[PDB]
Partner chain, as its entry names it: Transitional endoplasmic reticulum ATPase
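For reference, the chain that follows is the form solved without its partner chain, supplied as C-alpha cells.
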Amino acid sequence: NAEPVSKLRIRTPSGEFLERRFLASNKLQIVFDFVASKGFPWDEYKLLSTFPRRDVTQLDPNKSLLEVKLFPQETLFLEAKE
C-alpha cells in the first residue's frame, strides 16, 4: 500500500544537515549524489546510517532504496572513505 518514502537528515563533518526526501524506488547512488550535490563531497563520500549504525543503510550506491529501506525518517552521517 503506497511506497515507503524515506526522509533522512544526514549530518556532515561541519555540523550541516542534508535533508532528503526519498522515493522508496530511488537509488542510494541518488542519495550519495544528492548529499555530495549539497556541500560535499571531497571526491567520493560515504554516509553512515545511525539508526542501524551501518555503512549508509546497507551501502551499495547501485542499490535501490527499497533494497536498503531507509525507513520513513532516518539520520545519516557524512564520512570519507577509509
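Residue numbers count along the first chain shown, from 1.
Missing here is the form deposited with its partner chain bound; even so, the following discussion is about that form.
- For residue 13, a non-hydrogen atom is located within 4.5 Å of its partner chain in the deposited bound form, even though that partner is not displayed.
- Interface membership of residue 50, defined by any non-hydrogen atom within 4.5 Å of its partner chain in the deposited bound form, is confirmed.
- Among heavy atoms of residue 9, some come within 4.5 Å of its partner chain in the deposited bound form.
- Within this chain, residue 38 is remote from the site of its partner chain in the deposited bound form, having no heavy atom within 4.5 Å.
- Residues of 59-79 lying near its partner chain in the deposited bound form, listed in sequence order, are 73, 74, 75, 77, 78, 79, the criterion being any heavy atom within 4.5 Å.
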